[PDB]
Amino acid sequence: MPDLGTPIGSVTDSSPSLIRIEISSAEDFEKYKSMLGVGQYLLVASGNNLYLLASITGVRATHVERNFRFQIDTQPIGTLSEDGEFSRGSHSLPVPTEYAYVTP
Amino acid sequence: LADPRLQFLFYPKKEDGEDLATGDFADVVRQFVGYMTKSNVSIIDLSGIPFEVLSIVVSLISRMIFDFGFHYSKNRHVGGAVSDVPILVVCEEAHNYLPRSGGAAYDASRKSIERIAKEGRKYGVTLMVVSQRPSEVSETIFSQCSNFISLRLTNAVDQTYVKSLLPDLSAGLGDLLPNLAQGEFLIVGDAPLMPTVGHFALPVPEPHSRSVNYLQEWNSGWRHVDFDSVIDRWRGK
Amino acid sequence: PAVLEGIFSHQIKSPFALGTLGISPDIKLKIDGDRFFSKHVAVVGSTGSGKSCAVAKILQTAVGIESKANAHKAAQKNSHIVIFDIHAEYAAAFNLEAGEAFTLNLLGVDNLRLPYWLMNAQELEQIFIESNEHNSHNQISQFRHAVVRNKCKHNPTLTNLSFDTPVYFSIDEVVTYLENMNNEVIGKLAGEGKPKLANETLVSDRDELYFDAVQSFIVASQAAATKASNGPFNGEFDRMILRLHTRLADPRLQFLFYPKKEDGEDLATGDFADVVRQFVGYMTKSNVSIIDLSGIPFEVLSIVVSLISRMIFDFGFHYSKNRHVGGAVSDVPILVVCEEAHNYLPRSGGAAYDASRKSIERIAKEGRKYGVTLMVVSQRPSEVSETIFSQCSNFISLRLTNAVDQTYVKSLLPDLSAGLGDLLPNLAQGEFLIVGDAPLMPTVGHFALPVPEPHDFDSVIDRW
Amino acid sequence: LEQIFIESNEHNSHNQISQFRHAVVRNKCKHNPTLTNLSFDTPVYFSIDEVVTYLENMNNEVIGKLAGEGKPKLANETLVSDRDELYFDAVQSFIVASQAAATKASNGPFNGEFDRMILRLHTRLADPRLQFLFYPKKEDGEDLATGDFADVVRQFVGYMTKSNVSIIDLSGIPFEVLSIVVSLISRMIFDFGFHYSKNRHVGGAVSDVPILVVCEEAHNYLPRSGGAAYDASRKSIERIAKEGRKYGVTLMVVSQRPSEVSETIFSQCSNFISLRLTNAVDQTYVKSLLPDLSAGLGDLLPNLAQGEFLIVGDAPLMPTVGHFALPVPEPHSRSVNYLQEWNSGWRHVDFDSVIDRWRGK
């Protein structure tokens with residue numbers, strides 16, 4: 001319902017048991033590092049007027065040059081609409097190029 | 001039969017001056033349970049009990065409580081209802097008296113506790129288990145617990161055991177345990193809507209046991225020992 | 001959508017609508033009906049979820065009711081159901097308005113007509129006597145003689161009777177005899193080897209009076225002028241009569257001790273069929289029959305259910321033989337639908353909880369052949385016996401959050417896959433897990449809602 | 001024998017089962033004089049009615065505690081040296097024991113101190129479903145006696161110079177005794193192979209009369225995880241798996257849930273016929289049981305049409321896939337369909353008649 005701000009990253013790989021998010025800017029990461037720890041929750045977008053609630057289960061950071069990659073792995077728990085109804089169960093699947101936000 | 005430490009079992013005598021007749025029975029249970037109304041928190045001190053009969057004492061107390069609940073909740077179960085007076089049994093340092101591998105000497109402690117595990121909800125007696133070495137504690141008792149609270153754990157074995165037990169806990173969320181700060185915890189099971197990491201504040205009053213400090217006291221001089229009086233009380237009889 | 005329902009059920013002859021396989025209502029799961037109802041089915045969920053709506057929806061479809069209307073208003077089809085209810089939640093589901101003309105046989109504490117003399121020896125012994133007293137060695141013997149002879153006095157016709165055989169007798173005559181034998185006194189003087197009375201008369205045997213009436217006699221004395229002996233147990237089992245007379249005074253169980261008809265008299269040996277008429281539904285021609293037992297105390301539930309089950313099973317057995325001589329299979333199919341089974345089917349082989357178990361166990365083994373089938377539902381699957389669950393062909397389990405329960409629900413049935421096992425805790429409302437033979441190919445489904453919807457410390461020790 | 005007549009739930013077994021072991025023997029002998037004496041397992045005649053009578057009579061005896069007069073106390077004081085003379089005709093209540101000099105007597109721990117089983121025995125006898133064990137009768141009307149033994153076997157065997165098929169219809173039998181039944185039948189059929197294959201094997205030649213046993217829905221009575229009560233059948237059948245080939249009695253198993261069957265029985269099977277299997281654990285169990293088939297040929301099972309099978313074993317040159325034809329006549333079961341009957345209307349139930357039949361007598 002409330003404004004969720006500016007997104008951290010986009011989806012790269014999707015599946016009913018795993019979701020991978022990528023960040024390519026260290027300035028943002030350090031900005032929100034506190035809320036990106038294992039055990040915390042993220043909101044992802046599947047469609048218009050719908051969001052999914054996923055739990056982090058891994059973080060990796062790498063610097064390869066030939067620059068920064070940050071990978072975050074998640075596991076979905078349920079769904080939340082714009083009105084604010086939290087329904088457990090995750091049948092839907094998010095398509096790549098969709099955004100991720102930190103849960104206020 | 002002579003041993004003075006062990007005379008709460010053998011030579012109990014009434015407070016007035018009389019001995020304990022079969023009718024006095026009620027009184028003993030009164031001290032554990034208390035008044036039905038007006039919540040009570042009884043505390044057994046097992047520090048000064050001899051290490052020979054501890055498991056007997058626990059079994060005895062446990063059976064007494066369980067039976068009281070049986071008899072109280074027998075009829076009030078009019079339709080699928082629980083009792084107004086529910087008990088809670090808190091077992092600290094469980095591995096001392098509920099070992100995974102032990103000889104008959106500690107069997108008496110399993111049989112009772114396991115009863116409460118298999119069949120307690122019907123009568124209102126519930127448990128709480130606390131251990132700093134979850135590996136050594138009996139296996140059957142853990143798997144009968146619905147919710148779990150876990151704080152920092154550093155030894156590999158207990159990490160793996162606890163990681164097996166909790167089903168919703170995956171391989172990923174278990175890597176979190178060795179990284180928890182002071183007063184931070186991970187909660188799982190039915191009570192919470194979603195698994196979560198949280199944090200406690202300090203309690204008031206704090207529990208600080210009357211431990212004996214050696215090298216805080218080893219730097220003072222000879223405290224003259226009135227050996228005479230020591231032995232005088234040690235004559236006894 | 002069109003093709004899948006056909007691929008589902010055209011191979012079959014008698015299909016059953018059972019919901020919506022996906023989100024779209026057009027996708028109607030059409031399970032094979034017979035295999036579903038011809039064998040035992042289990043629906044065992046968790047608290048905080050709509051298992052009751054699903055059960056009611058299945059049953060409503062089974063009987064024809066839908067949308068607050070009875071499709072079979074003019075005629076009555078041949079469906080026979082018997083539901084055990086403990087939370088008192090199922091009466092309304094079927095209680096629709098009169099215009100549709102549906103006769104529902106509600107039943108409960110107030111109007112039951114279930115006597116004591118139907119019961120077998122095993123239950124009866126627990127009903128009156130309690131083993132905890134530990135004075136049984138002789139009192140039970142005298143008890144047994146009393147209950148064996150009481151039947152004799154009331155009736156002359158039958159022959160070669162026994163303790164278990166169900167015939168008409170009184171508990172009051174028994175307590176009279178027990179009192180007067182406790183107070184029995186024999187005259188010790190010469191030629192007085194029989195009960196010596198207050199009027200100094202002797203009787204040939206106790207039967208003439210003691211069952212019939214209470215009596216007072218002379219007191220014992222050492223002196224020959226006053227010598228007499230008491231009953232062997234005089235002042236031994238007075239406690240027996242005490243606990244018993246206190247047991248009876250209970251109001252909750254007044255039906256059991258004395259069931260009076262509508263006219264007012266108590267039932268008799270010949271007045272038998274009526275009782276069977278009640279639980280089945282042929283007395284008022286009502287298909288469904290509910291039994292709300294909430295009023296009953298937690299101790300006697302097993303006795304009640306066992307007696308009912310024995311009746312329901314024997315009925316179909318004897319009908320099946322009466323027709324086998326005719327050369328056909330039974331036409332009256334009955335289905336028992338338990339609710340809150342754990343209360344009377346515990347895992348821990350408690351003594352009382354044994355009486356019912358074997359009975360219900362019987363229906364699981366030998367039922368299909370005779371006409372009677374079983375459907376189980378309990379909120380806590382952990383505290384229920386495994387033998388029953390093991391037999392049921394088809395499983396439908398709802399949201400199951402707890403761990404101790406879901407490990408059980410998994411361990412009972414290995415047909416459950418590894419990938420789909422993780423789905424049982426995470427479910428949306430209405431979603432169920434179906435597995436077994438009835439589905440032409442397995443599925444996962446959810447339902448819509450049903451309309452109508454289903455609604456002194458010192459004292460304790462004395463017992464110990 | 002122990003299972004049928006004694007239920008180990010009670011904790012009085014320590015003395016009770018021993019008392020039963022003792023009780024049986026004396027009568028077991030006392031009936032058969034020609035065959036002099038026997039033992040506990042010996043299958044020769046006895047009577048359970050009068051064992052019940054003795055164990056009930058031991059509840060009312062009053063033997064004299066006099067000094068120099070050790071004789072029992074009867075109404076006319078008839079002296080009996082042994083029990084046989086007077087327990088049979090009618091249970092003999094004797095004069096109540098007392099401390100009086102004239103009628104002093106002894107009373108022990110057998111004066112009815114295990115009655116609770118006395119209660120259940122009469123009931124087991126009263127059960128009219130199980131008449132066929134406890135009161136078998138001939139066609140003439142008289143009861144069975146040792147000489148009749150032949151019949152109890154012939155029904156299964158039939159005749160040497162012709163072929164027969166016997167079909168036990170275990171559906172009607174109650175559920176608590178089915179395992180005992182199967183155990184006994186198997187023992188008999190095996191012992192009629194031992195005896196008859198005494199000589200004709202002169203140089204290892206199979207007999208003229210071979211017997212094939214068929215075990216349908218095995219997991220009912222040969223469970224992998226089952227309590228002692230269901231263990232009898234586990235033994236008797238296993239014996240055939242071990243040492244039946246020598247004597248001429250074979251075995252066939254038919255299961256629809258192989259995982260829950262005993263491991264040894266399948267282990268001692270030489271040919272395997274597999275139809276479609278659609279569950280995983282059974283798939284793995286089979287994939288292990290027989291190692292001739294590479295892991296790759298195992299993925300063939302979940303996709304086999306109706307009447308297509310895989311045969312693997314010593315009989316054929318090479319593992320193969322085949323197709324059955326339909327059987328004429330077909331096997332059918334007279335099962336009852338429920339929703340096909342509900343569609344029909346109400347049916348008047350002549351309750352009076354069903355109840356009259358229920359009455360008995």
# chains A, B, ... in the order shown; residues from 1 in each chain; ligands from 1
>>> residues_around(residues="range 72-88 of chain A", least_positions_apart="5", cutoff="6 Å", atoms="only C-alpha atoms", output="list in words")
residues 1, 18, 19, 20, 21, 49, 50, 51, 52, 53, 54, 55, 56, 57, 58 and 59 of chain A; 428 of chain C
>>> residues_around(residues="residue 102 in chain A", least_positions_apart="3", cutoff="8 Å", atoms="only C-alpha atoms", output="CSV table (one decimal) with C-alpha atoms, in the first residue's frame")
chain,number,residue,atom,x,y,z
A,4,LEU,CA,8.1,1.4,-1.5
A,7,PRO,CA,14.3,-0.6,-6.3
A,8,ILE,CA,17.6,-2.3,-5.6
A,35,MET,CA,18.1,-4.8,5.3
A,36,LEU,CA,19.7,-7.4,2.9
A,41,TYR,CA,12.3,-10.2,3.6
A,42,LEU,CA,12.1,-8.7,0.2
A,43,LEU,CA,9.1,-7.7,-2.1
>>> atom_distance(atom1="CA of residue 292 in chain C", atom2="CA of residue 337 in chain C")
12.8 Å
>>> select_by_dssp(residues="range 322-415 of chain C", states="helix (DSSP H, G or I)", output="ChimeraX atom specification")
/C:322-324,341-343,352-366,381-383,386-391,403-412
>>> write_last_selection(atoms="C-alpha atoms", output="short mmCIF file (atom, residue, chain, number, x, y, z; two decimals), in the first residue's frame")
data_model
loop_
_atom_site.label_atom_id
_atom_site.label_comp_id
_atom_site.auth_asym_id
_atom_site.auth_seq_id
_atom_site.Cartn_x
_atom_site.Cartn_y
_atom_site.Cartn_z
CA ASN C 322 -31.17 -62.56 4.34
CA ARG C 323 -30.54 -61.41 0.80
CA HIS C 324 -27.76 -63.89 -0.02
CA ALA C 341 -12.11 -39.23 16.02
CA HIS C 342 -9.03 -38.76 18.20
CA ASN C 343 -11.24 -38.39 21.26
CA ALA C 352 -11.23 -47.57 28.21
CA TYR C 353 -10.31 -46.38 24.72
CA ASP C 354 -9.88 -50.03 23.79
CA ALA C 355 -13.58 -50.86 23.87
CA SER C 356 -14.50 -48.72 20.88
CA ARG C 357 -11.34 -49.37 18.89
CA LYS C 358 -11.83 -53.00 17.94
CA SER C 359 -15.40 -52.23 16.93
CA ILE C 360 -14.40 -49.52 14.51
CA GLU C 361 -11.40 -51.56 13.45
CA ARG C 362 -13.80 -54.29 12.38
CA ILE C 363 -15.58 -51.98 9.97
CA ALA C 364 -12.26 -51.13 8.37
CA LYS C 365 -11.42 -54.75 7.62
CA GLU C 366 -14.68 -56.46 6.70
CA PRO C 381 -3.65 -36.79 13.27
CA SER C 382 -0.82 -37.54 15.69
CA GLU C 383 -3.19 -38.79 18.41
CA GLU C 386 -2.42 -46.09 12.60
CA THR C 387 -4.39 -49.21 11.72
CA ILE C 388 -7.42 -47.22 10.60
CA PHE C 389 -5.47 -44.77 8.47
CA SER C 390 -3.48 -47.58 6.90
CA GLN C 391 -6.52 -49.17 5.26
CA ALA C 403 5.58 -30.68 12.51
CA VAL C 404 4.68 -33.62 14.77
CA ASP C 405 1.43 -33.97 12.81
CA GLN C 406 2.82 -33.64 9.30
CA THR C 407 5.62 -36.12 9.93
CA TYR C 408 2.80 -38.53 10.80
CA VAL C 409 0.68 -37.66 7.76
CA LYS C 410 3.77 -38.30 5.65
CA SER C 411 4.85 -41.50 7.37
CA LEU C 412 1.44 -43.18 7.16
#
>>> residues_around(residues="residue 280 in chain D", least_positions_apart="5", cutoff="9 Å", atoms="only C-alpha atoms", output="compact mmCIF listing (two decimals) with N, CA, C and O atoms, in the first residue's frame")
# COMPACT_ATOMS: atom_id res chain seq x y z
N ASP C 415 2.88 -43.26 -0.64
CA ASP C 415 2.49 -42.78 -1.96
C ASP C 415 2.76 -41.29 -2.11
O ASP C 415 2.92 -40.80 -3.23
N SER C 417 4.63 -38.07 -2.65
CA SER C 417 5.90 -37.81 -3.30
C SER C 417 6.78 -36.92 -2.42
O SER C 417 6.33 -36.33 -1.43
N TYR D 285 12.43 -50.83 -5.05
CA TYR D 285 12.49 -52.16 -4.46
C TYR D 285 12.69 -53.23 -5.52
O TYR D 285 13.55 -54.10 -5.38
>>> residues_around(residues="residue 20 in chain C", least_positions_apart="6", cutoff="7 Å", atoms="only C-alpha atoms", output="tab-separated table (two decimals) with N, CA, C and O atoms, in the first residue's frame")
chain	number	residue	atom	x	y	z
C	27	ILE	N	-13.14	-26.27	-15.00
C	27	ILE	CA	-12.32	-27.47	-14.83
C	27	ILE	C	-12.85	-28.26	-13.64
C	27	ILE	O	-12.46	-28.03	-12.50
C	28	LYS	N	-13.77	-29.19	-13.91
C	28	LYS	CA	-14.47	-29.94	-12.87
C	28	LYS	C	-13.82	-31.30	-12.66
C	28	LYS	O	-13.89	-32.17	-13.53
C	29	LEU	N	-13.20	-31.49	-11.50
C	29	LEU	CA	-12.64	-32.80	-11.18
C	29	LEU	C	-13.78	-33.78	-11.00
C	29	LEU	O	-14.70	-33.54	-10.21
C	445	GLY	N	-6.36	-29.94	-5.69
C	445	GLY	CA	-7.61	-29.26	-5.93
C	445	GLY	C	-7.97	-28.30	-4.82
C	445	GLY	O	-7.35	-28.28	-3.75
C	446	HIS	N	-8.98	-27.47	-5.10
C	446	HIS	CA	-9.57	-26.60	-4.10
C	446	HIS	C	-11.06	-26.43	-4.38
C	446	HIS	O	-11.51	-26.53	-5.53
C	447	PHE	N	-11.81	-26.13	-3.32
C	447	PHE	CA	-13.25	-25.99	-3.37
C	447	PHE	C	-13.69	-24.54	-3.28
C	447	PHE	O	-12.91	-23.62	-3.01
>>> interface_residues(of="chain D", to="chain C", cutoff="9 Å", atoms="only C-alpha atoms", output="PDB file with C-alpha atoms, in the first residue's frame")
ATOM      1  CA  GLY D 112     -10.776 -68.429  40.879  1.00  0.00           C
ATOM      2  CA  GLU D 113      -7.906 -65.928  41.146  1.00  0.00           C
ATOM      3  CA  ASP D 115     -11.372 -65.579  36.557  1.00  0.00           C
ATOM      4  CA  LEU D 119     -15.017 -64.756  31.280  1.00  0.00           C
ATOM      5  CA  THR D 123     -17.476 -65.890  24.884  1.00  0.00           C
ATOM      6  CA  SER D 171     -13.567 -63.141   3.120  1.00  0.00           C
ATOM      7  CA  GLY D 172     -16.059 -64.483   5.655  1.00  0.00           C
ATOM      8  CA  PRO D 174     -13.021 -62.937  11.099  1.00  0.00           C
ATOM      9  CA  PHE D 175      -9.902 -60.889  11.072  1.00  0.00           C
ATOM     10  CA  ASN D 279       4.784 -45.594  -7.507  1.00  0.00           C
ATOM     11  CA  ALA D 280       8.423 -44.886  -6.827  1.00  0.00           C
ATOM     12  CA  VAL D 281       9.335 -46.890  -3.735  1.00  0.00           C
ATOM     13  CA  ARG D 334     -19.437 -59.332  -6.517  1.00  0.00           C
ATOM     14  CA  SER D 335     -18.692 -55.963  -4.992  1.00  0.00           C
ATOM     15  CA  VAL D 336     -21.384 -53.461  -4.029  1.00  0.00           C
ATOM     16  CA  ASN D 337     -21.595 -50.082  -5.738  1.00  0.00           C
ATOM     17  CA  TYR D 338     -22.909 -47.242  -3.587  1.00  0.00           C
ATOM     18  CA  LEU D 339     -23.721 -44.252  -5.789  1.00  0.00           C
ATOM     19  CA  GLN D 340     -25.365 -46.575  -8.296  1.00  0.00           C
ATOM     20  CA  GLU D 341     -27.775 -47.626  -5.532  1.00  0.00           C
ATOM     21  CA  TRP D 342     -28.345 -44.167  -4.052  1.00  0.00           C
ATOM     22  CA  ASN D 343     -29.733 -43.003  -7.395  1.00  0.00           C
ATOM     23  CA  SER D 344     -32.531 -45.507  -6.858  1.00  0.00           C
ATOM     24  CA  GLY D 345     -35.342 -44.576  -4.514  1.00  0.00           C
ATOM     25  CA  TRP D 346     -36.200 -45.573  -0.987  1.00  0.00           C
ATOM     26  CA  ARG D 347     -36.603 -49.277  -0.304  1.00  0.00           C
ATOM     27  CA  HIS D 348     -38.912 -50.571   2.402  1.00  0.00           C
ATOM     28  CA  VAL D 349     -36.938 -52.505   5.028  1.00  0.00           C
ATOM     29  CA  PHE D 351     -37.165 -54.643   9.990  1.00  0.00           C
ATOM     30  CA  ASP D 352     -39.177 -57.287  11.837  1.00  0.00           C
ATOM     31  CA  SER D 353     -37.791 -60.103   9.695  1.00  0.00           C
ATOM     32  CA  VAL D 354     -34.144 -59.034   9.795  1.00  0.00           C
ATOM     33  CA  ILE D 355     -34.462 -58.651  13.546  1.00  0.00           C
ATOM     34  CA  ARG D 357     -33.170 -63.667  12.110  1.00  0.00           C
ATOM     35  CA  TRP D 358     -30.821 -61.587  14.257  1.00  0.00           C
ATOM     36  CA  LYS D 361     -31.989 -69.564  18.746  1.00  0.00           C
TER      37      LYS D 361
END
>>> interface_residues(of="chain C", to="chain A", cutoff="10 Å", atoms="only C-alpha atoms", output="number ranges by chain")
C: 423, 425-429, 431
>>> write_last_selection(atoms="N, CA, C and O atoms", output="CSV table (one decimal), in the first residue's frame")
chain,number,residue,atom,x,y,z
C,423,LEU,N,4.3,-29.3,0.1
C,423,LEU,CA,3.2,-28.4,-0.2
C,423,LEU,C,2.1,-28.5,0.9
C,423,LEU,O,1.3,-27.6,1.0
C,425,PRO,N,2.1,-28.0,4.2
C,425,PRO,CA,1.9,-26.9,5.2
C,425,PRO,C,1.5,-25.6,4.5
C,425,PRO,O,0.7,-24.9,5.0
C,426,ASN,N,2.1,-25.4,3.3
C,426,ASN,CA,1.8,-24.1,2.6
C,426,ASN,C,0.6,-24.4,1.7
C,426,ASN,O,0.8,-25.1,0.7
C,427,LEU,N,-0.5,-24.0,2.1
C,427,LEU,CA,-1.7,-24.1,1.3
C,427,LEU,C,-2.5,-22.8,1.4
C,427,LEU,O,-2.5,-22.2,2.4
C,428,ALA,N,-3.3,-22.5,0.3
C,428,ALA,CA,-4.2,-21.5,0.4
C,428,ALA,C,-5.6,-22.0,0.9
C,428,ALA,O,-5.8,-23.2,0.8
C,429,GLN,N,-6.4,-21.2,1.4
C,429,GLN,CA,-7.7,-21.6,1.9
C,429,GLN,C,-8.5,-22.2,0.8
C,429,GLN,O,-8.7,-21.7,-0.3
C,431,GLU,N,-7.6,-25.2,-0.5
C,431,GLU,CA,-6.7,-26.2,-1.2
C,431,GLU,C,-6.6,-27.4,-0.3
C,431,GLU,O,-6.4,-27.3,0.9
>>> atom_distance(atom1="CA of residue 153 in chain D", atom2="CA of residue 193 in chain D")
11.9 Å
>>> select_by_dssp(residues="range 10-240 of chain C", states="strand (DSSP E)", output="JSON list (two decimals) with N, CA, C and O atoms, in the first residue's frame")
[["chain", "number", "residue", "atom", "x", "y", "z"],
["C", 15, "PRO", "N", -19.74, -41.17, -12.01],
["C", 15, "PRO", "CA", -18.73, -40.20, -11.58],
["C", 15, "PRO", "C", -19.23, -39.21, -10.55],
["C", 15, "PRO", "O", -20.44, -39.03, -10.36],
["C", 16, "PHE", "N", -18.29, -38.55, -9.88],
["C", 16, "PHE", "CA", -18.60, -37.66, -8.77],
["C", 16, "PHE", "C", -17.86, -36.35, -8.95],
["C", 16, "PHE", "O", -16.62, -36.33, -9.04],
["C", 17, "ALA", "N", -18.62, -35.26, -9.03],
["C", 17, "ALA", "CA", -18.05, -33.92, -9.01],
["C", 17, "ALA", "C", -17.38, -33.66, -7.68],
["C", 17, "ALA", "O", -17.97, -33.90, -6.62],
["C", 30, "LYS", "N", -13.75, -34.88, -11.75],
["C", 30, "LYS", "CA", -14.82, -35.86, -11.78],
["C", 30, "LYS", "C", -14.19, -37.20, -11.43],
["C", 30, "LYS", "O", -13.77, -37.96, -12.30],
["C", 31, "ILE", "N", -14.14, -37.48, -10.15],
["C", 31, "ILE", "CA", -13.51, -38.70, -9.66],
["C", 31, "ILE", "C", -14.45, -39.88, -9.86],
["C", 31, "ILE", "O", -15.67, -39.72, -9.98],
["C", 32, "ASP", "N", -13.87, -41.07, -9.96],
["C", 32, "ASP", "CA", -14.68, -42.27, -10.01],
["C", 32, "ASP", "C", -15.44, -42.41, -8.70],
["C", 32, "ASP", "O", -14.84, -42.40, -7.61],
["C", 41, "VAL", "N", -12.08, -43.67, 3.02],
["C", 41, "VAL", "CA", -11.51, -42.39, 2.64],
["C", 41, "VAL", "C", -11.18, -41.60, 3.89],
["C", 41, "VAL", "O", -11.92, -41.65, 4.88],
["C", 42, "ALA", "N", -10.06, -40.87, 3.86],
["C", 42, "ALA", "CA", -9.57, -40.19, 5.04],
["C", 42, "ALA", "C", -9.29, -38.73, 4.72],
["C", 42, "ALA", "O", -8.58, -38.43, 3.76],
["C", 65, "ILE", "N", -28.53, -31.88, -2.32],
["C", 65, "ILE", "CA", -28.75, -30.51, -1.91],
["C", 65, "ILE", "C", -27.71, -29.59, -2.52],
["C", 65, "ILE", "O", -26.53, -29.95, -2.65],
["C", 66, "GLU", "N", -28.14, -28.40, -2.93],
["C", 66, "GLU", "CA", -27.24, -27.38, -3.45],
["C", 66, "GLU", "C", -28.00, -26.07, -3.53],
["C", 66, "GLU", "O", -29.19, -26.06, -3.86],
["C", 69, "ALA", "N", -31.41, -25.50, -2.04],
["C", 69, "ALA", "CA", -32.54, -26.17, -2.66],
["C", 69, "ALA", "C", -32.27, -27.66, -2.72],
["C", 69, "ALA", "O", -31.13, -28.11, -2.87],
["C", 70, "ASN", "N", -33.35, -28.42, -2.59],
["C", 70, "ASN", "CA", -33.34, -29.87, -2.73],
["C", 70, "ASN", "C", -33.80, -30.21, -4.13],
["C", 70, "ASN", "O", -34.97, -29.99, -4.48],
["C", 80, "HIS", "N", -27.85, -43.17, 2.87],
["C", 80, "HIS", "CA", -27.88, -43.42, 4.30],
["C", 80, "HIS", "C", -26.54, -43.03, 4.90],
["C", 80, "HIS", "O", -25.52, -43.71, 4.69],
["C", 81, "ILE", "N", -26.56, -41.97, 5.70],
["C", 81, "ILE", "CA", -25.38, -41.41, 6.32],
["C", 81, "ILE", "C", -25.60, -41.29, 7.82],
["C", 81, "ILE", "O", -26.73, -41.10, 8.29],
["C", 82, "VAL", "N", -24.51, -41.40, 8.56],
["C", 82, "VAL", "CA", -24.54, -41.29, 10.01],
["C", 82, "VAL", "C", -23.28, -40.56, 10.43],
["C", 82, "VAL", "O", -22.18, -41.07, 10.21],
["C", 83, "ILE", "N", -23.43, -39.40, 11.05],
["C", 83, "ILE", "CA", -22.32, -38.51, 11.36],
["C", 83, "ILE", "C", -22.17, -38.43, 12.86],
["C", 83, "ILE", "O", -23.16, -38.26, 13.58],
["C", 84, "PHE", "N", -20.93, -38.55, 13.33],
["C", 84, "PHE", "CA", -20.61, -38.29, 14.72],
["C", 84, "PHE", "C", -20.05, -36.88, 14.85],
["C", 84, "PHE", "O", -19.05, -36.55, 14.22],
["C", 85, "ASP", "N", -20.70, -36.06, 15.67],
["C", 85, "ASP", "CA", -20.33, -34.67, 15.87],
["C", 85, "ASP", "C", -20.06, -34.40, 17.34],
["C", 85, "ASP", "O", -20.85, -34.78, 18.21],
["C", 185, "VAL", "N", -27.89, -61.88, 57.36],
["C", 185, "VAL", "CA", -27.57, -62.48, 58.65],
["C", 185, "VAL", "C", -28.16, -63.88, 58.71],
["C", 185, "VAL", "O", -29.33, -64.08, 58.38],
["C", 186, "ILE", "N", -27.35, -64.85, 59.12],
["C", 186, "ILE", "CA", -27.77, -66.24, 59.25],
["C", 186, "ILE", "C", -27.84, -66.59, 60.74],
["C", 186, "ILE", "O", -26.93, -66.25, 61.51],
["C", 187, "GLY", "N", -28.92, -67.27, 61.12],
["C", 187, "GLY", "CA", -29.06, -67.79, 62.47],
["C", 187, "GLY", "C", -28.14, -68.97, 62.71],
["C", 187, "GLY", "O", -28.14, -69.94, 61.95],
["C", 228, "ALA", "N", -25.57, -65.32, 66.04],
["C", 228, "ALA", "CA", -25.89, -65.12, 64.63],
["C", 228, "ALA", "C", -24.62, -64.69, 63.92],
["C", 228, "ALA", "O", -23.66, -64.25, 64.55],
["C", 229, "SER", "N", -24.62, -64.83, 62.59],
["C", 229, "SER", "CA", -23.49, -64.41, 61.78],
["C", 229, "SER", "C", -23.96, -63.42, 60.73],
["C", 229, "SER", "O", -25.07, -63.53, 60.21],
["C", 230, "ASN", "N", -23.07, -62.50, 60.40],
["C", 230, "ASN", "CA", -23.36, -61.48, 59.41],
["C", 230, "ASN", "C", -23.08, -62.01, 58.00],
["C", 230, "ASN", "O", -22.70, -63.17, 57.82]]
>>> residues_around(residues="residue 96 in chain B", least_positions_apart="6", cutoff="12 Å", atoms="only C-alpha atoms", output="PyMOL selection string")
chain B and resi 46+51+54-55+58+102+105-106+109-110+130-134+136-138
>>> closest_residue(among="C:202, C:240, C:106, C:112", to="residue 135 in chain C", atoms="only C-alpha atoms")
C:240
>>> closest_residue(among="A:45, A:100, A:26, A:38", to="residue 5 in chain A", atoms="only C-alpha atoms")
A:100
>>> residues_around(residues="residue 1 in chain D", least_positions_apart="6", cutoff="12 Å", atoms="only C-alpha atoms", output="ChimeraX atom specification")
/D:7,17,20-21,24,40-43,48,177,179-181,183-184,229,232
>>> atom_distance(atom1="CA of residue 2 in chain D", atom2="CA of residue 32 in chain D")
21.9 Å
>>> residues_around(residues="residue 44 in chain D", least_positions_apart="6", cutoff="12 Å", atoms="only C-alpha atoms", output="ChimeraX atom specification")
/D:24-25,27-38,145-147,149
